Amino acid sequence: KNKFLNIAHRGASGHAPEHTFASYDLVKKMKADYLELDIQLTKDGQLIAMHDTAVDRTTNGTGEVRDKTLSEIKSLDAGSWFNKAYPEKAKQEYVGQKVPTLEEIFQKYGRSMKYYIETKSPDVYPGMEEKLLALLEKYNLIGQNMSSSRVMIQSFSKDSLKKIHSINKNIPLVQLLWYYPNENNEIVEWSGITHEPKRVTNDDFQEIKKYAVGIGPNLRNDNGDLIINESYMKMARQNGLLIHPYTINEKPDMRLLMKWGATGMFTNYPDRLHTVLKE
Ligand SMILES: [Mg+2]
């Protein structure tokens with residue numbers, strides 16, 4: 001029920017290129033509980049795994065996913081950038097890694113893996129949620145009960161989650177949150193879904209609880225500064241929410257969130273977290 005979830009952020013993306021099979025093939029090995037997936041929709045309506053809406057940062061191509069067919073996506077090198085960015089981790093095998101489709105991921109792992117899948121605002125990729133729920137259904141990844149689910153769905157978009165919650169009550173949903181300092185150096189939540197972390201209210205969390213089983217807050221801001229506190233975790237737990245902070249790659253930050261009462265973590269290093277869980 002409150003069992004700790006080791007969530008491999010884009011696979012073991014600290015060891016191999018994110019959202020490639022090179023990265024996904026390490027997750028089971030490194031004892032992760034969930035494989036975290038970001039999805040985009042190609043021009044011919046196929047779901048693929050990629051974080052950005054543009055292919056630029058992680059491939060040798062340029063342009064938006066939505067303007068590209070699955071065929072064009074598939075000729076891109078989605079692995080060489082990693083060898084360049086991280087010379088000390090480079091591998092020849094990473095060269096030429098193709099962008100995975102969500103169906104391919106499901107066909108390869110089936111039920112040996114649990115999936116933690118992110119959606120976007122309904123207006124970004126019209127019909128994405130329905131295509132996603134049909135795919136999940138095709139591979140029997142949705143149980144008819146909430147407890148035996150092989151899938152959680154996560155999103156920054158409350159609208160996207162309320163949509164899914166209306167279609168199927170049996171999928172656990174997680175409300176992602178992003179806290180940052182604004183132009184007046186006041187901390188605000190991106191979507192306006194809660195107060196700043198120091199001042200969250202029961203009501204903030206009870207509202208989330210109407211459609212979601214948990215929250216996923218950023219632990220730090222872009223500067224590297226701590227932005228949530230123990231108080232905040234205590235208030236979310238007391239309202240019966242799971243809490244999955246991102247993106248935790250450092251052992252001391254892992255040990256702190258354990259103590260503060262996180263019930264899961266996004267990490268690029270599922271091996272490090274497993275090790276910290278064993279201490
Ligand atoms: Mg994500």
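Throughout, numbering of the chain's residues begins at 1 and tracks the sequence. In what follows, every heavy atom counts, from backbone to side chain, and hydrogens, waters and symmetry copies are set aside.
In this structure, CG in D38 is found 10.5 Å from CE in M50, a value given to the nearest 0.5 Å.
Residues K251 and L273 fail the side-chain proximity criterion, which asks for heavy atoms closer than 4.5 Å. Side-chain contact check for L219 versus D253: some heavy-atom pair is nearer than 4.5 Å. In this structure the side chain of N2 reaches within 4.5 angstrom of the side chain of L242, judged on heavy atoms. In this structure, the side chains of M152 and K114 stay at 4.5 Å or more apart for every pair of heavy atoms.
Both tests do not hold together for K158 against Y211: distance to the six-membered ring centre under 6.0 Å, angle to the ring axis within 45°.
If you chain together hydrophobic residues whose side chains sit under 4.5 Å apart, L177 and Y246 never meet in one group. In the hydrophobic clustering of ILVMFWY residues, with side-chain heavy atoms under 4.5 Å counting as a link, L136 and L35 come out together. Cluster membership check: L226 does not share its hydrophobic cluster with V188, using side-chain heavy-atom separations under 4.5 Å among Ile, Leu, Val, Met, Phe, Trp and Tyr. The cluster map of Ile, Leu, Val, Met, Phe, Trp and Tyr, joined by side-chain heavy atoms under 4.5 Å apart, puts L47 and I171 in the same cluster.
Considering all non-hydrogen atoms of both residues, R66 and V124 come closest at NH2-O, 3.1 Å.
The side chain to side chain contact (heavy atoms under 4.5 Å, CB included) test with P245 singles out one residue from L256, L257, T263, and that residue is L257. Checking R57, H9, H51 one by one against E18, the side chain to side chain donor-acceptor pair (under 3.5 Å) holds for a single residue, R57.
Using cut-offs of 30° and 60° on the angle between ring planes, the pair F82 and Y86 is tilted.
Donor-acceptor pairing under 3.5 Å is lacking for the side chains of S148 and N145. A donor atom on one side chain and an acceptor atom on the other are found under 3.5 Å apart for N182 and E186. In this model, no donor atom of one side chain and acceptor atom of the other lie less than 3.5 Å apart for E64 and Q40.
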